[PDB]
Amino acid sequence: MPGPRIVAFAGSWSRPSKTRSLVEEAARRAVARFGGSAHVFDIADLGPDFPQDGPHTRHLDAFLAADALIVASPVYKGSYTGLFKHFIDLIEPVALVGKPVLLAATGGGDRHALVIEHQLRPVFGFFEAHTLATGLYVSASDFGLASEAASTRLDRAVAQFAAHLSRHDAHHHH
C-alpha cells in the first residue's frame, strides 16, 4: 500500500465547469505527493435521480473504497446544490469514519464563504469523517485553471492528508 487511492466529486453537472478544474487540481497535489490513479468524476457521469446497474463504477463503489476524499460543490442558494446532496443522501450513515475529507466550494464572488463551516462540515461530521482543517472557498478568479492565493491554500490543504498517516500510514451497525 505505497500509494493512496483518491476520489474526487464535484456537484456541477456542466461539462466545462470551474468546479471540475478545482477537483482535478486537488489529487495532482496528493497523487504527486503520494497516490495513484485518482477517480475523478463529474456529476454528469452519475445516476442523478434515475441502486440499479447505472454508472456506479464512477459514483458509489469508488467513493466508499477511497483512502482520501475531496468534495466540492457550487454554492447555490447559500448552500450546496441539490444534486450534490442527493449523492450524499444515498450513503449509509456510518460508511465514512476515519476517512479524510477535503472541502471545497465555488461561488460567484468572495461572499458566501461560510458554506465550509455551516453547510459542508455538519454534513461530513454527520458521517464522523476526518474533516481537514482547511476547506477552501474560491471565487470566479481562475483561468489546471487557477489564480492567486487559492493555489497555495489548495497545496497546503492536501498536505494535511499525509499528516495523519506516518510510518507506513499507521444501537447502530453497518
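Sequential numbering from 1, following the sequence displayed.
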{"query": "Between neighbours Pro51 and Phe50, residues that the deposited sequence lists but the model omits", "finding": "4 to 9"}
{"query": "Interresidue gap class [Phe143, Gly144; deposited sequence, unmodelled]", "finding": "1 to 3"}
{"query": "Entry-level comparison of average CA B-factors, 158-166 and 8-16, reporting the higher stretch", "finding": "158-166"}
{"query": "Average Cα temperature factor in the PDB entry - higher stretch of 128-136, 54-62", "finding": "54-62"}
{"query": "C-alpha B-factor winner, where the candidates are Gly82, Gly98, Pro74, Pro93", "finding": "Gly98"}
{"query": "Out of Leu114, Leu120, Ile43, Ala38, residue topping the C-alpha B-factor column of the entry", "finding": "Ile43"}
